[PDB]
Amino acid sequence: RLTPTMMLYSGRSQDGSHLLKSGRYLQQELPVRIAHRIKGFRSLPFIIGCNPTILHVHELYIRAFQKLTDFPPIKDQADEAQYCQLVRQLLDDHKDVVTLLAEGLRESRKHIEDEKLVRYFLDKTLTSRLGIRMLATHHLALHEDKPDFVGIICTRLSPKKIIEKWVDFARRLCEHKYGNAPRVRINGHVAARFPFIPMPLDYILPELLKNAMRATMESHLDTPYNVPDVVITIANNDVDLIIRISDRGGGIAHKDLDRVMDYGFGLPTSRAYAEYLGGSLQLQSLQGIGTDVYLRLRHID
């Protein structure tokens, strides 16, 4: 049910009176959360906030906020229904945002004086963005009749099965560039099943696997046909879920340790999403051997 500063509705109605309360809530919350993001764009240093791409994303939000406010209060099913259509448009229009931001800010490196100030902007924007798209997709999900799912929430989610999905996805991206990809072994609580929201995992994991596999391959150019396995370990307790990802790609060099976590661009975002959801994302480099990555995600309650 609950989430940081927001609620994901666990409710059921044969007549769909839950979709009213859900949408009624969404229409109260969404505009507020968007507005907070607009203050954040306004607070940007002039020099940066002026860069056209940043300025475009800035506009997108103003547009979204207009559209949401303009939409009239929901008093019946048909309202809610057409509301869903908006949320769909919005989700599609903002789908490339994180990319735009990245380039908006890449163009804008030189004029960057205070780093902490932007890293904060990004964290607050990218994560606050997540929460929005989660809350939105949860709602749309309430219309689906999918089994084992209350909204976007799995009732019986297997960490193993979902890691495997992202593995095949990552193996493929990888094989294509290097001709091979490291075998991936998974141990620990591989039979674990429990209520959870795939969405966060759906961003983060392919990030970590892409790295694990990239580093592994990049360090064995001589023997791409025989590379050390990527070892994933799952630990499920009553507090949170840990997923450790071990690679043997010589680890992140000492100098790069600072630079790697700061905003190639995928780890800092993953750390942010993790912290946002009451979890974390820690690194252990073993220079000369490999890297171990620890992702913790709080259990839902």
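Numbering starts at 1 and runs along the sequence shown. Take the two forms, find the largest set of C-alpha atoms that superpose within 1.5 Å, and that set is the rigid core.
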Checklist outcome for this item: Judged by RMS Cα deviation after a rigid core fit in 7 other deposited structures of this protein, the more variable of 103-111 and 132-140 is 103-111
Item to check | Higher-deviation stretch (C-alpha RMS, rigid core fit) in 7 other deposited structures of this protein, choosing from 161-169 and 112-120 | outcome: 112-120
Checklist entry - What size is the break between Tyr263 and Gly264 in terms of deposited sequence residues left without coordinates: none, 1 to 3, 4 to 9, or 10 or more? => result 10 or more
Checklist entry - Out of 171-179 and 130-138, which stretch has the higher average CA B-factor listed in the record? => result 171-179
Checklist outcome for this item: Taking the deposited Cα B-factors and averaging over 139-147 and over 223-231, the higher mean is found in 139-147
Item to check | Top residue by Cα temperature factor, when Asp123, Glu115, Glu218, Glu207 are compared in the entry | outcome: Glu115
Checklist entry - Can you tell me which of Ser246, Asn237, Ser43, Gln27 has the highest Cα temperature factor in the record? => result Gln27
Item to check | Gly278, C-alpha B-factor rank within chain (lowest, middle or highest third) | outcome: lowest
Item to check | Record-listed C-alpha B factor of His299: chain third | outcome: middle
Checklist entry - Thinking about Cα B factors across the chain, which third does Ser270 belong to? => result lowest
Checklist entry - Which third of the chain holds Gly288 when residues are ordered by C-alpha B factor: lowest, middle or highest? => result middle
Checklist entry - Thinking about Cα B factors across the chain, which third does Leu90 belong to? => result middle
